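This document opens with one chain alone, in structure tokens, the form solved without this ligand.
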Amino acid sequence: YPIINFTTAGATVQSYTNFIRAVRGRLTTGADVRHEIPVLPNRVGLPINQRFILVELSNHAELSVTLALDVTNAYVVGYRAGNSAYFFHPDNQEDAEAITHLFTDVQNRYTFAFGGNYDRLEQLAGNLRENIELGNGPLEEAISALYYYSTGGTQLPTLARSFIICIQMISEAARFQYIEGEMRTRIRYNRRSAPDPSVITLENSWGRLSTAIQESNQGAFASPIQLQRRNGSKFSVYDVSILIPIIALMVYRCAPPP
């Protein structure tokens, strides 16, 4: 499986930008593009030898962890840290079988009893996304927390908070140029802030947007989708045009019309 590398150690807007770019390149094949927006590979009929990509994360503290993402949705399904690998609770027989193809030589394999969805993680973390800071520092720390989990160094709430940091700074950033942009800003000015309403709203609407777009009539949505700006004010989306600068990847929802 392909491996993309990134380190928080001396991270710059450029290093992070090159990183996210390489991830998108490994997530999509460039076969499916609609209205100038790349669509992730359809899960139906996808060979297992092309199912995942690995994201190796390192930090100034010289520690490393490797995240395993599913190319069909960019979701983080588990990670490896030294002699141990942990997987979120599979959601169906297919996914449970699939993950057995990852980190095949790790001494110890574990499968969490909870899922990797935000609702669950926030609950375990004891904080919502709107109250969990993002930036190079939080990522630096997250990497450390994931690494010391198997040795009893990381408490569950802190591990959950860590996943939430990694998922938004890697997967969400890959999905949205907008979100990638906010992270770049954080890195440039070395600031540590929780995600604003525009970020949360986008994170929550990825699937809907992907469908609205793909099911659109020449790019015109049947029904508008409500998003939020940074000051939390409402603003409707009726067309894919205004999303081109915003969404970088879509989950496959349907076949494109002729």
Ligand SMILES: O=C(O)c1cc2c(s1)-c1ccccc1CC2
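Only residues modelled in both forms are compared. Note that residue numbering follows the sequence shown and begins at 1. C-alpha atoms forming the largest set that superposes within 1.5 Å between two forms make up the rigid core.
Keep in mind that the form solved in complex with this ligand is missing from the display, and what follows is about it.
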Interface check vs this ligand in the entry with it bound: of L27, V65, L202, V39, the one with a heavy atom inside 4.5 Å is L202
Going by a heavy atom distance of 4.5 Å, is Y178 a contact of this ligand in the entry with it bound? yes
Tell me, yes or no, whether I246 is in contact with this ligand in the entry with it bound, where a contact means a heavy atom of each within 4.5 Å. yes
Spell out, yes or no, whether the shortest heavy atom distance between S193 and this ligand in the entry with it bound is within 4.5 Å. no
Go through 183 to 198 residue by residue and record those having a heavy atom within 4.5 Å of this ligand in the entry with it bound; state none if no residue qualifies. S198
After superposing on the rigid core, which residue out of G30, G232, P224, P47 has its C-alpha displaced by 2 Å or more between this form and the one not shown? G30
I want to verify one pair: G30 and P47. Are their C-alpha atoms nearer or more distant in the entry with it bound compared with the form I supplied, knowing the change is 3 Å or more? closer
Cα distance between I244 and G30, which in the entry with it bound differs by 3 Å or more from this form, closer or farther: farther
Which segments, of 3 or more consecutive residues, undergo C-alpha shifts of no less than 2 angstroms between this form and the one not shown following superposition on the core? 29 to 31, 33 to 36
